[PDB]
Amino acid sequence: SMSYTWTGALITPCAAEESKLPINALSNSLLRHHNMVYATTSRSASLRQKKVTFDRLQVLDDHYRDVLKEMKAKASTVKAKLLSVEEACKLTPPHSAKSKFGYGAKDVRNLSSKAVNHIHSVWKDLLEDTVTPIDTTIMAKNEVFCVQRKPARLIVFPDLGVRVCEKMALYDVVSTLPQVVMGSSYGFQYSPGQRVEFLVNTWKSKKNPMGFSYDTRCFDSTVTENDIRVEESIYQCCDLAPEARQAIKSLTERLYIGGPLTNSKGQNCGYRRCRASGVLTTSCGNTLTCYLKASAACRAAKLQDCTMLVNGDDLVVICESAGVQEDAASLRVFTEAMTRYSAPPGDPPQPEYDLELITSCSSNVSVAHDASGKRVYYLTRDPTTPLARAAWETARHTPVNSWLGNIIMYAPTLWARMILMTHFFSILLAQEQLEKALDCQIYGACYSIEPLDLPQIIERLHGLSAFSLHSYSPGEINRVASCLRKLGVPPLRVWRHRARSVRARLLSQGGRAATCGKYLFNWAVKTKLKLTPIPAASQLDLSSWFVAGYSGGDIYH
Ligand SMILES: CC(C)C[C@@]1(C(=O)O)C[C@H](C(=O)O)[C@H](c2cccs2)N1C(=O)c1ccc(C(F)(F)F)cc1
Ligand SMILES: CC(C)C[C@@]1(C(=O)O)C[C@H](C(=O)O)[C@H](c2cccs2)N1C(=O)c1ccc(C(F)(F)F)cc1
């Protein structure tokens, strides 16, 4: 069966699209090599269409059904609640795409009589009809990258009224089921610190550790009707209200398994028979299906003492090495099993015996030292894409502030501290916009965050030591330095100088502003202050930040 079929109508934009890096008076201070930064546009949709369109075959064996039985036994212990219309409305992002039916994201959030009545009638239709495919819009995403050019990614989503209904039937399920099912292998339950801790403690629990990441080529396209019906059977093990069972069956048949594709102008583009990337279950569905295939593939491969780490389509395995020749042979069998299961690799998997050389979720463990000289593991990544996007965001307001999400997720890193913090605090100060709440995304969900709150956020997520890491690894330093030469970003010595200034500028204003000065930029002074817990930190509500992923899920936290 083919992942998609097309009519030959084009995937169309719904607004002006820029591909070329916009330049303003601030650009050059961050990045000189402008022509290396670009955004994807609908003009490359055609190329993406060819990549994501193929035939899927699937051959399911006893290892597969064995892991599924287990997954189902654990799912059966979950009790999930239906959300009210009101609860589902408050989870809607203020800037979520409006409905074709005369109300938008703000009408929903306000419980306007029109939004609510439409939601009620879409809900009602879900209960009455488990057959008619639900319409979706297919769009090309505008995303910013550094060259070496990718084609636009595609997003496929139903109407707003449908999205609210999805939250009602499934929010509690997608938030609570995957950790019950997958235990410590479910990646989205951890903050980046907790994730590094889980990986180190897993690497260490092996006599002779071996690990690998596994990248499925176009994972969403590899998701078959079988896979999506199997996800449905797992959801349906939960102790649910009968009305919820019905809405879930309905959304599965009419939306999750497939449906017609419509462009921004109302033309039929074709039909989908694979994972929709802009539905509530995209993340949970991908995590379960990836975990189910991979667990069964470990058994086929006879890997010893496997520990998986799964975040949607992103997969890490750590196990007991059987020796280097045996390990390489085992990975080949794993890949064969994965592929029979319909999930062939993009890049063939490579066994690693060094934890820091495994990249998953584009990220890796590394080490630096705290104030006391002690070893600290933290999560980092290649900064090329973060810096490319910071340049873009320097010159344009965008819906999502990746610079802010990167500061939060990668606060302990040399590149987030020296460059991202320094640059954006200078920009914010000069506009007196430190208090202005900004939208960013973390594990796919949307958050509205005042820069002035960064210090307490970072402390909670990463702890105090994030403000005093130093003595980064040669490998990390070399990768950062190499990325700055590529993009023509000023060298770290310039950034320290700038940070002193930005730091001095912030200390003046006192209050929260001075706290950012003191905590964020303490690395920039020769004689470091002492950093002590910030009071307003445990007063903040952060539980609920790392419970589940919601990539494509239209979730506001
Ligand atoms: C500011 C970004 C860090 C936010 C972004 C998001 O999901 O919306 C987008 C990121 C991306 O495009 O690499 C990242 C990921 C999303 C999906 C896989 S990795 N994102 C993450 O939140 C993320 C950061 C770190 C990790 C890790 F490595 F801790 F598991 C997983 C996911
Ligand atoms: C090879 C040098 C780049 C290493 C040096 C060291 O002592 O550890 C010396 C630096 C110094 O001159 O301040 C710096 C620091 C050491 C202790 C606090 S900051 N160091 C750093 O490694 C460092 C550079 C940059 C950052 C930043 F900005 F990301 F916080 C933190 C730490």
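Here, residue 1 is the first one in the sequence, and each next residue gets the next number. For the numbers below, each heavy atom of this structure counts, side chains included, while hydrogens, waters and symmetry mates do not.
- In this structure a side-chain-to-backbone donor-acceptor pair under 3.5 Å is present from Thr413 to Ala416.
- Between the side chains of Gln189 and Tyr443, no donor-acceptor pair is found at a separation under 3.5 Å.
- In this structure, SG in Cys146 is found 4.0 Å from CE in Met36, a value given to the nearest 0.5 Å.
- We find that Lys81 and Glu243 are not joined by a salt bridge, their nearest charged nitrogen and carboxylate oxygen being 4.0 Å or further apart.
- With no hydrogens or angles considered, no side-chain donor-acceptor pair links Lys302 and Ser330 at under 3.5 Å.
- The minimum heavy-atom distance linking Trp203 with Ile318 is given by the pair CE3-CG2, 4.0 Å.
- Checking side-chain atoms of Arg417 against main-chain N and O of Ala466 turns up a donor-acceptor pair under 3.5 Å.
- Rounded to the nearest 0.5 angstrom, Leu357 CG and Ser366 OG are separated by 10.0 Å.
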Check: For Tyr235 and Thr252, what are the C-alpha separation, side-chain angles and deciding distance, and is it a side chain to side chain donor-acceptor pair (under 3.5 Å)?
Finding: CA-CA 11 Å; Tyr235 310 142; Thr252 297; over 6 Å; no
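- Electrostatic pairing of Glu143 and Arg153 counts as a salt bridge here, judged by a charged N lying under 4.0 Å from a carboxylate O.
- Salt-bridge annotation for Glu253 and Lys249: absent, with no side-chain N of the basic residue lying under 4.0 Å from a carboxylate O of the acidic one.
- For the 3.5 Å distance criterion, the side chains of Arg381 and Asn406 fail to qualify, holding no donor opposite an acceptor.
- A salt bridge is absent between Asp347 and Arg217; no separation between the charged side-chain nitrogens and carboxylate oxygens falls under 4.0 Å.
- Side-chain contact annotation: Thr7 with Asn268, donor-acceptor N/O pair under 3.5 Å absent.
- In this structure, the side chain of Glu320 engages the main chain of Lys207 through a donor-acceptor pair within 3.5 Å.
- Formation of a donor-acceptor pair under 3.5 Å by the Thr287 side chain with backbone atoms of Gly312 is found in this model.
- When only modelled atom types and interatomic distance are considered, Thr380 and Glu476 share a side-chain donor-acceptor pair under 3.5 Å.
- Although no hydrogens or angles enter the test, the distance criterion places a donor-acceptor pair under 3.5 Å between the side chain of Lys167 and the main chain of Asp554.
- Aromatic ring centroids of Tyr4 and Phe54 lie 6.0 Å or more apart.
- A side-chain donor-acceptor contact under 3.5 Å links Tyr377 and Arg375.
- To the nearest 0.5 Å, atom OG of residue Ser44 and atom CD1 of residue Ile11 are 9.5 Å apart.
- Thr53 and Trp6 share a donor-acceptor pair across their side chains, judged by distance under 3.5 Å alone.
- For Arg163 (side chain) and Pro158 (main-chain N/O), a donor-acceptor pair under 3.5 Å exists by modelled atom type.
- Using modelled atom types, one finds a donor on one side chain and an acceptor on the other under 3.5 Å when comparing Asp220 with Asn286.
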Next item on the list: Evaluate salt bridge (charged side-chain N to carboxylate O under 4.0 Å, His left out) for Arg65 paired with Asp62, printing each intermediate quantity in order.
Entry: CA-CA 5 Å; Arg65 282 178 306 271; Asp62 288 311; 2.7 Å; yes
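- Here the CG-CH2 distance, from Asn142 to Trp392, works out to 8.0 Å after rounding to the nearest 0.5 Å.
- Here CG of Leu292 is found 9.0 Å from CD of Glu231. Values are rounded to the nearest 0.5 Å.
- Remark: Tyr341 pairs with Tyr64 by the ring pair (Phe, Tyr, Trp, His ring centres under 6.0 Å) rule, at least two apart or across chains.
- Between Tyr186 and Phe188, the ring planes lie perpendicular to each other; the angle is over 60°, past the 30° to 60° tilted range.
- Side-chain N or O atoms of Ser205 include one that pairs as donor or acceptor with a backbone N or O of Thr202 at under 3.5 Å.
- Side chain to side chain, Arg254 and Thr132 fail the donor-acceptor criterion of an N or O pair below 3.5 Å.
- Once rounded to the nearest 0.5 Å, the distance linking CD1 of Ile257 with CD of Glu232 reads 7.0 Å.
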Next item on the list: With salt bridge (charged side-chain N to carboxylate O under 4.0 Å, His left out) as the test, would you mind laying out the steps for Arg56 and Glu225 before giving the verdict?
Entry: CA-CA 10 Å; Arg56 300 75 53 76; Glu225 177 180 337; over 6 Å; no
Margin query: Between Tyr556 and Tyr447, is the ring-ring contact (aromatic ring centres under 6.0 Å, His included) condition met? List the steps.
Written below: CA-CA 6 Å; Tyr556 181 72; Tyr447 293 78; 8.2 Å; no
Checklist line | Residues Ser321, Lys206; criterion side chain to side chain donor-acceptor pair (under 3.5 Å); working and verdict | finding: CA-CA 8 Å; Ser321 181; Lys206 321 293 180 199; over 6 Å; no
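- When each of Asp327, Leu331, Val316 is paired with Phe212, the side-chain contact (heavy atoms from CB on, under 4.5 Å) condition holds for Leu331 and for no other.
- At a cut-off of 3.5 Å, with distance as the only test, a side-chain donor of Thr12 or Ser264 sits close to an acceptor on the other residue.
- No donor-acceptor contact under 3.5 angstrom links the side chains of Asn364 and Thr359, judged on distance only.
- Formation of a donor-acceptor pair under 3.5 Å by the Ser3 side chain with backbone atoms of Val52 is found in this model.
- Looking at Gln179, its side chain never comes within 3.5 Å of a backbone N or O of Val547 through a donor-acceptor pair.
- Between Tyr378 and the options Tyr410, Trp415, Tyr472, a ring-ring contact (aromatic ring centres under 6.0 Å, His included) holds for only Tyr472.
- In summary, the side chains of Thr224 and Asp227 do present a donor paired with an acceptor at a separation below 3.5 Å, with no hydrogens or angles considered.
- Distance alone, capped at 3.5 Å, places no donor-acceptor pair between the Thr289 side chain and the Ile228 backbone.
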